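Colleague: Got a structure for you, questions after.
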């Protein structure tokens, strides 16, 4: 169709309008005293929320050229969120601040590329300083404290998180399942997680968690491509007559087969989910074999003398539960006997010494870890189903925060962390090779205080005086919007994982650079 | 339907508006510091790009008369790109410069035909000078250096390209396939490439590469026309039950057969691709026989006593992979045994002495080279699939640049090459037989500096002073927009193949002549 | 009041519209077969004219910015006309041609200052060539022939002009007065002409001749400024009671005195005219004394002991007639006795040897010439007053043409002269130091053929073929629009004085340069 093209300021200002309109809605839900945002529902009463994730997801504008910036900032915010579990509100606010300051200098005739380079230099310096301000958290007591703080002073959640992490590994897999009692419980079951997601968003069945969950399904293993629906019809018919859900692991599924699976999932004909097999090259067969032996199934392949047209339910693997997310899929309580699993673990461990390179050895070690480590399952316990729903979400959020916290430590939250990092970086000595790079540095130095300013503004106080008072303090000293007091932010349990702040700042800087160095904009004509 | 006609300046100005609207968007992505361009996607986040190929492809103006110039300049830019692998950004910029200067003289009452002739004379002189400025590259060390420079200082890519080119031939066929390890690997397999493309764009399956790729397909050989779908239904049914893809080589396919194949490819019913058989006349049968013996198949023909209605899978040839591009199709690892292939090579080599003419002998030599040379396959190796995707594209771009570079040598890139050629041609003595031809010469002399001017402008510096300083230097001395320094452009590894610049200049001159000597403009009425 | 400012092309195009619309009206009255132009009169029937002078004078446009160019071109045309007696139609046409061609190059980005310099170079070369093409006319037979040709084959007019010029001097003063018989007569009377005109256009009384004529007036001589009306009221009242007209010669008149004189002339109270005294410095007193002794009056001055408050009619000079033009004033038949005039002539001639410098000697010689030469009066004779009016105008036009012709010779008229000069200059070798200067040369080379093209177009023939045929001929060969034949233009009596063509070309070049190098334009706001 016909396109409409906008150049220079006439397009940068539309980007700015879009990002400003997205951020003005998102930032009202930032801080302990964040305001409410009312969102229309198609039917029934409007939904009111005070979290940035839901408000941002619903925001998309009428004008296409503003929607461009809105969606790019939303995408970078979601990229920040999915890897840290929080900060998408912070990332959008930081991006708005950086862009709003950057357009002032761009309109001043200053070089956009040098502005981008100065912004990158300042962000690199601030991130490098965050690695020093951050307090590490590796002791079980520290892990429990961080979990309790993230779970709103619920000590049981923190204790359960610590007990799951300290025996399965800080890099281990932890999942949450509804418990059978009032007290939370945990267990280790045979399972693994691999970095493969569902191939279509229609596969999801839990919009609240944005994941696909199947209960006691069959596992289909294939090492070749699947495009023809006929190639798996006799197997899916057996699965449907069996009545249990289906998880299909293949090299790829596309075309009429994928379309038919999507239609079946939408119509409720059969509960199906298809993901790409993990790894590539020769690692593909090893991954498929390990998954099959873990789920008790057999890989369907010509080299092993089986065909999908004749495959039966006996060849298929099975497990208690499989969770399919956007980036990774995990298997819970595979049907494989522990004896064969341990034998294969020993086989892989002795093949480790057969590695021809450090890359081979590290992949074999990853295989050993993903196979022998199992999956930690947290049985969240509470009195009622209504309390079940809330406690499960709280435990999941605490688990994500602890996973982020244990990797990079904790840092004074509420936006004080960025101020401390900025002051430390400036004291270290930060300069640009050009006056344009100097303005780029100034842009980030002014923008990194925006999260605290907006938290204070939503709290109702005057931003400038609070920011000045926070800057006059040193260390963990900061402002607590929940109570309005000044003191050690860590001591009151107001924390953010260093990963969250670092990722928010870096993604905001990236999107700000992209929409500062943008000179042309192409969109569909009205 | 209703037509609308525009004459003289009232049409030339619409052509100029179209080409200007295309080039203003394209040129922002020119140079090492090219800006970003945001392009709308039907769903999801907008795509941001800084390459001219993608930005140009998306441009479709609203007004038909402007879209005429936009699409014609886009077509000539694509013709530049597909034969050199780069320069479509340069070609559009040069065409915009030439047309914008030419309209000034056309409005001045000066003769358009003499302007076109002067432009052609100046372009011929500049191209002739480029053949002297260009540094040849034929040594293996030179080939590796050019490959490394084109692949962003990746010495392994350059070494692999050199090792593929030096043993298969500078005119040989080289393809890229995903490797099985971290280190890149190369091999020679039996195969052939012929100048025949897919007969419909719907046959493609890799929009990123704009080619059709089929894995382990069947090869169908026919020497007659195919229009009736019934003529090949029993064969396509056998292929579909076999499940492997189909490649059909015939004199031509059209009508209901082609429509059914397109519908099957779109629906995913069967993976099919149809191309015209290479050659014509008596060469057609020789081409088909060589392809059949290379793929292990048999040609279906009445003169050999076979009919397509009774053809079976045994008659069909097969190979590991076939790649179908717009202009050429290649076959990788044909099923033909090496003994019969070598015997046919000797047969063709002894038939070479039987040639009745030099044209016959050169065609027989082409047969020998294309058959015995095989196909070089580069196994691009890297750690991950994400790194696989980037490294494969980088290797393909380096291969295209090296293929262009080895044919015509390398020349100082960044637009300095055109300035050096212009200065050398002017010093040689360039004149027009008319004042209008003199203005035509001046048009090209001013326009050939536009690429450097826009590279500098995107870099942020002032174009005029940089161009003057470059002109004050001699030889490879020029401006490097990546670092802002002045020096030998070849020594900093900023290069363009002579083919790229020559083709860009010539195609820009051709399209500029067409849009300067245009007096009538016929388009559909609103 | 508020001003409106237009810059660059937005102002140059308004100038061009104004000059184009002025010239499109003026040029229709060019050539022997010039068309008619009908002009509205305030009351009565519209006046129809086929002369450029009247059509141009009535032209002034509604839009101020177009009127700027219209009036500037009109002013330069009038400057051409008043010094040569003809060519204001040619000058406007040449200016239109030069400006219309120069706009094409200015819009082409070509340098306006270099265009102006090239135009000046070409005009200088063409004018230098005109000095060689021009046939001189100094013999009495040649003067009579030129006068007869200018007077539409009236041999009596030419004979009278020759007899007036050959005995009073080719630089002498010749005037036309109504005769007392059918046959024309001439005589020499005591008088002089000085280069001072009327100080206000209200002083004129002959709109047909655009001059002020007074019959048997009084001459007032004063060497000081006059501003107070009281300073001359006692003399003005005496003159009014006397009833004869008044001519006032003073250093300057301004303020209430000038206003009262203007009001009296408009009301018919008294016939008055005031001009500045000729010369300056010590020459002023000599001029006043010579004028007084020629008119029989006495100079009113403090150094001589007379004041204007007590001056009487006896002190005032008198003469038969005084004619006051825009630039010069002449006195006919002064009351001074010839004996005193001859004595003063001898006095000035012996003071010539007393000159301290060549400048003093040449001014003394000018005094001798202007005093002793007298004034030639042509008594135009005809049967009726209606024929009187036409014959007087014809004799005046012939006299002006002869005066212009005798100074610089005659040249083939009808626009052939400019073509011959252009061809001779091009053959001599004419070039510009820049391509912009070359375009400036081409502008004039194309424009100098415009007068012939327009003469032919008004004649009805095709301009291009006639121009080509004229160019194919050499010498005086050209096209005669009166009869449509080709031959020696001089032999058919179609002539233009070299002064007319030279002045027209130079003034057109000047105004074209001014309107080409114009970048800003200021006019009153609506």
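Read-outs: derived from the displayed coordinates by stated rules, not from any lab. In this analysis, Cβ positions are derived from the backbone assuming ideal geometry, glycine residues included, and neighbour counts consider all displayed protein chains.
Colleague: Going by the alpha-carbon gyration tensor, a ≥ b ≥ c the square roots of its eigenvalues, is region C:280-412 rounded (a/c under 1.5) or, if a/c is not under 1.5, prolate (a/b greater than b/c) versus oblate?
Modeller: Working: a/c = 2.44, a/b = 1.41, b/c = 1.73.
It comes out oblate by the Cα gyration axes.
Colleague: Largest first and in whole Å, what are the equivalent-ellipsoid semi-axes of region A:205-249 based on the Cα gyration tensor, each being the root of 5 times an eigenvalue?
Modeller: Numbers: eigenvalues 94, 42, 18 Å².
Value: 22, 14, 9 Å, ordered largest first.
Colleague: Taking N as the number of residues in region C:184-260, what is its alpha-carbon radius of gyration divided by 2.2 N^0.38 Å?
Modeller: Numbers: Rg = 14.3 Å, N = 77, 2.2 N^0.38 = 11.5 Å.
Its radius of gyration relative to the 2.2 N^0.38 Å reference: 1.25.
Colleague: What is the log10 of I(q)/I(0) for region B:1-51, computed with the Debye formula using one identical point scatterer on each Cα and no solvent, at q = 0.14, 0.15, 0.21, 0.30 Å⁻¹?
Modeller: One equal scatterer on each Cα of region B:1-51 leads to -0.59, -0.64, -0.80, -1.08.
Colleague: So, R0 is 22 Å and r is the distance between the beta-carbons of residue C:388 and residue C:171; what FRET efficiency does that work out to, to 0.05? Provide the component values of the computation, followed by the final result.
Modeller: Details: r = 28 Å, r/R0 = 1.29.
Taking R0 as 22 Å, the efficiency between residue C:388 and residue C:171 is 0.20.
Colleague: So for B:364, B:30, fewest C-beta neighbours within 10 Å to most, what's the order? Mind showing how you got there, number by number?
Modeller: Numbers: B:364 20, B:30 26.
So the residues, fewest neighbours to most, are B:364, B:30.
Colleague: Angle between the Cα long axis of helix C:358-372 and the longest principal axis of chain C, 0 to 90 degrees, nearest 10?
Modeller: Tilt relative to chain C: about 70 degrees.
Colleague: Could I ask something else about it? Would you mind giving the mean number of other chain beta-carbons within 10 Å of the Cβ of each residue in B:39-48, as a whole number?
Modeller: Working: counts 7, 11, 2, 1, 1, 2, 10, 13, 2, 7.
For this peptide, the per-residue mean of nearby foreign Cβ atoms is 6.
Colleague: Hey, what angle do you get for helix A:450-459 against the long axis of chain A, alpha-carbon based, 0 to 90 degrees rounded to 10?
Modeller: 90 degrees
Colleague: Can you list, shortest first in nanometers, how far residue C:310 lies from the same residue in the other copies, with each label 7 Å from Cα toward Cβ?
Modeller: Label-point distances to the other copies, shortest first: 15.1, 15.4 nm.
Colleague: Using the reciprocal of the averaged 1/r over all distinct C-alpha pairs, how large is the Kirkwood radius of region B:350-456 in Å? Mind showing how you got there, number by number?
Modeller: On the way: mean 1/r = 0.0520 Å⁻¹.
It works out to 19.2 Å.
Colleague: Please report, to one decimal in angstroms, the Kirkwood hydrodynamic radius of region A:56-139 built from all distinct Cα-Cα pairs.
Modeller: Values: mean 1/r = 0.0664 Å⁻¹.
The answer is 15.1 Å.
Colleague: Any idea what the relative contact order of chain A is, in percent, if you count C-alpha pairs under 8 Å spaced at least 6 apart? If you can, show how the numbers build up before the last one.
Modeller: Numbers: 1000 pairs, mean separation 143.9, N = 526.
In percent, rounded to a whole number, it is 27.
Colleague: OK, next. Taking the mean number of other Cβ atoms within 10 Å as a proxy for protection, how do you rank C:148-154, A:355-361 from highest to lowest?
Modeller: Details: C:148-154: 19.1, A:355-361: 12.3.
So the order, starting with the most tightly packed, is C:148-154, A:355-361.
Colleague: Kindly state, to the nearest 0.05, the FRET efficiency for residue B:491 paired with residue B:140, given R0 = 22 Å and r defined as their beta-carbon distance.
Modeller: Details: r = 20 Å, r/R0 = 0.93.
Calculated transfer efficiency: 0.60.
Colleague: What are the distances, in nm and sorted shortest first, from the label point of residue C:475 to the label points of the same position in each other copy, with each label point placed 7 Å from Cα along the Cα-to-Cβ direction?
Modeller: Label-point separations across copies, in nm and ascending: 6.7, 11.6.
Colleague: Something else now. Please state, as a whole number in µm²/s, the translational diffusion coefficient that the Stokes-Einstein equation yields for region C:437-494 at 4 °C and 1.567 mPa s, with Rh defined as the Kirkwood radius across alpha carbon pairs. Don't skip to the answer; put the middle values down first.
Modeller: Details: Rh = 12.2 Å.
Once the numbers are plugged in, D ends up at 107 µm²/s.
Colleague: Here's another thing I want to ask about it. Would you mind ranking A:119, A:293 so that the residue whose beta carbon has the fewest other beta carbons within 10 Å leads the list? Mind dumping the intermediate values first?
Modeller: Values: A:119 27, A:293 21.
Ordered from fewest to most neighbouring Cβ atoms within 10 Å, A:119, A:293 come out as A:293, A:119.
Colleague: Next question. Taking the Cα atoms of region B:351-395 alone, what are Rg (to one decimal) and Dmax (as a whole number) in Å?
Modeller: Taking only Cα atoms of region B:351-395, I get Rg and Dmax of 19.3, 55 Å.
Colleague: Then there's this: Nearest 5 is fine: what % of DSSP beta bridges in chain B come out antiparallel, could you say?
Modeller: Numbers: 38 of 55 bridges.
Percent antiparallel among DSSP bridges in chain B is about 70.
Colleague: Still on this structure: What length, rounded to one decimal in nm, is gained on full extension from residue C:427 through to residue C:244, with 0.36 nm per residue of separation minus their alpha-carbon distance? Could you put the intermediate results ahead of the total?
Modeller: Numbers: separation 183, 0.36 × 183 = 65.88 nm, distance 6.26 nm.
Between residue C:427 and residue C:244, full extension yields an extra 59.6 nm.
Colleague: Let me have the relative contact order for region C:251-407, percent, based on Cα pairs under 8 Å that are six or more residues apart. Can you show the working numbers first?
Modeller: Numbers: 116 pairs, mean separation 19.1, N = 157.
In percent, rounded to a whole number, it is 12.
Colleague: Express in whole angstrom the spacing between the alpha-carbon centres of region A:109-187 and region C:412-426.
Modeller: 95 Å
Colleague: Here is a further query. With the Cα gyration tensor of region A:1-124 giving a ≥ b ≥ c as the square roots of its eigenvalues, does the rule (a/c under 1.5 for rounded; else a/b larger than b/c for prolate; else oblate) give rounded, prolate or oblate?
Modeller: Details: a/c = 2.28, a/b = 1.39, b/c = 1.63.
Oblate is the answer for region A:1-124, as a/c is 1.5 or above yet b/c matches or exceeds a/b.
Colleague: Here's a follow-up. Of all DSSP beta bridges located in the protein assembly as shown, what percent are antiparallel, nearest 5? Don't jump to the answer; show the numbers that get you there.
Modeller: Numbers: 114 of 169 bridges.
Of the beta bridges lying entirely in the protein assembly as shown, close to 65 percent run antiparallel.
Colleague: Give me the mean projected area, in nm² to one decimal, of the convex hull enclosing the Cα positions of chain C. List each step's numbers first, then the result.
Modeller: Numbers: hull surface 113.7 nm².
Over every viewing direction, the Cα hull of chain C projects on average to 28.4 nm².
Colleague: Please report which chain A residue places its beta carbon nearest the axis carrying chain A onto chain B, with the distance rounded to a whole angstrom.
Modeller: Looking at chain A's Cβ atoms against the axis toward B, the nearest is A:526, 18.
Colleague: Could you grab the relative contact order for region B:178-318? Cα pairs under 8 Å, six or more apart, rounded to a whole percent. Show your work: numbers first, answer last.
Modeller: On the way: 228 pairs, mean separation 41.8, N = 141.
Here the relative contact order equals 30 percent.
Colleague: Okay, moving on. Count, for each residue of B:240-246, the Cβ atoms from other chains sitting within 10 Å of its Cβ, then give me the mean as a whole number.
Modeller: Details: counts 2, 1, 0, 8, 0, 1, 0.
Whole-number average of other-chain Cβ neighbours for B:240-246 is 2.
Colleague: Measuring nothing but label to label, 7 Å from Cα along Cα→Cβ, what are residue C:366's distances to the other copies in nm, shortest first?
Modeller: List, nearest first: 9.2, 10.6 nm.
Colleague: Averaged across the residues of A:370-382, what count of C-beta atoms belonging to other chains lies within 10 Å of each residue's C-beta?
Modeller: Details: counts 0, 0, 0, 0, 0, 0, 0, 0, 0, 0, 0, 0, 0.
If you average over the peptide's residues, the count of other-chain Cβ atoms is 0.
Colleague: Taking all pairs of different Cα atoms in region C:206-348, averaging 1/r and flipping that mean, what Kirkwood radius in angstroms comes out?
Modeller: Details: mean 1/r = 0.0651 Å⁻¹.
15.4 Å is the Kirkwood radius here.
Colleague: Let me ask you something else. Rounded to the nearest 500, what is the 222 nm mean residue ellipticity of the protein assembly as shown from helices alone, with -39500 (n - 2.57) per DSSP H run of 4+ residues and division by all residues? Display every interim value, and only then the final one.
Modeller: Details: 54 runs with 803 residues, N = 1578.
Value at 222 nm, helices only: -16500 deg cm²/dmol.
Colleague: With only alpha-carbon atoms counted, please give the Rg and Dmax of region B:373-526, in Å.
Modeller: Rg, Dmax (Cα atoms, Å): 20.0, 63.
Colleague: If you take the C-alpha gyration tensor of region C:116-273, multiply each eigenvalue by 5 and take the square root, what semi-axes do you get, largest first, in whole Å? Could you put the intermediate results ahead of the total?
Modeller: Working: eigenvalues 316, 125, 40 Å².
Gyration-tensor ellipsoid for region C:116-273: 40, 25, 14 Å.
Colleague: I want to verify the translational diffusion coefficient of region C:322-361 in µm²/s; compute it with Stokes-Einstein, Rh as the Kirkwood radius over Cα pairs, at 20 °C and 1.002 mPa s. Before the final figure, lay out each step's value.
Modeller: Values: Rh = 12.5 Å.
For these conditions, the coefficient is 171 µm²/s.
Colleague: Could you work out, for the protein assembly as shown, what percent of all Cα-Cα pairs fall into each 10 Å distance bin, beginning at 0 Å and stopping at the bin that holds the largest distance?
Modeller: In whole percents, the pair-distance histogram is 1, 6, 10, 12, 13, 12, 9, 8, 7, 6, 5, 5, 3, 2, 0, 0.
Colleague: Angle, helix A:112-133 long axis vs. longest principal axis of chain A, Cα atoms, 0 to 90°, nearest 10?
Modeller: 70 degrees
Colleague: Quick check on the exposure proxy: order C:400, A:8, A:222 from fewest to most C-beta atoms within 10 angstrom. Before the final figure, lay out each step's value.
Modeller: Numbers: C:400 20, A:8 15, A:222 23.
Taking fewest neighbouring Cβ atoms as first place, the list is A:8, C:400, A:222.
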